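Here's a solo chain for you in structure tokens, the form deposited in one PDB entry.
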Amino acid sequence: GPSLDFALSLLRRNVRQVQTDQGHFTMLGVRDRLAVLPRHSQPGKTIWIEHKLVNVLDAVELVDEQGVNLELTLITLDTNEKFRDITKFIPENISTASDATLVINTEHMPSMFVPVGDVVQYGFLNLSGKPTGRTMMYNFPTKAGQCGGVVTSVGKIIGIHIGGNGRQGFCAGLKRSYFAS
């Protein structure tokens, strides 16, 4: 319905398949040449995007005001093309949701929509040994959720999927200010 309408349009214009030395990832293009990945993707000076070799001009691993990992990396891409600006769909404060859909798009798992349901505040999480902040939690029963993914609800882009415990999945929450200016 309306939730999936928004998720499909987001896929089309803003969710891309990428590959780093660490594997296959879902990338969210945010605006202009700015995109976001889960930190574990560890982008290098070049990245493969939809089968094309692209230079990474800048990469920033985001931390909070204590320097605690947020498990998000912002990259600026060496390209002329511009992503549709979706920042107005990213809430000012990290937001929970009902009836959320996780959008995964990699070469090996293309255009995959997973109903996850309720997305609940969780906060501090030790993610494979790395203390992490600002997480949310949802049902996601896989041990292979290591490719990122965009958490969406009706008209809102709320998180980047970062990992899980085989029963629940966890996202880094998105706030508009991470992408400002």
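Residue numbers here begin at 1 and follow the sequence given. Only the largest set of C-alpha atoms that superpose within 1.5 Å between the two forms is called the rigid core.
There is also a form deposited with a small molecule bound; it is not shown, and the following applies to it.
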Every residue in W48, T73 and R84 with a non-hydrogen atom within 4.5 Å of the small molecule in the deposited bound form?
-> no
None of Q121, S128, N55, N139 but one has a heavy atom within 4.5 Å of the small molecule in the deposited bound form; the exception is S128
Ok, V15, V18, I162, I158: which has a heavy atom sitting within 4.5 Å of the small molecule in the deposited bound form?
-> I162
Contact of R39 with the small molecule in the deposited bound form (heavy atom, 4.5 Å) = yes
Hey, in the deposited bound form, is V150 touching the small molecule, heavy atoms inside 4.5 Å?
-> no
Residue among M136, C147, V151, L28 with C-alpha shift of 2 Å or more between the shown form and the other one, core superposed = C147
CA-CA separation of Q146 and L127, closer or farther in the deposited bound form than in the form shown [shift of 3 angstroms or more] = farther
Tell me whether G145 and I49 end up closer or farther apart in the deposited bound form, going by their C-alpha atoms; the shift is 3 Å or more.
-> closer
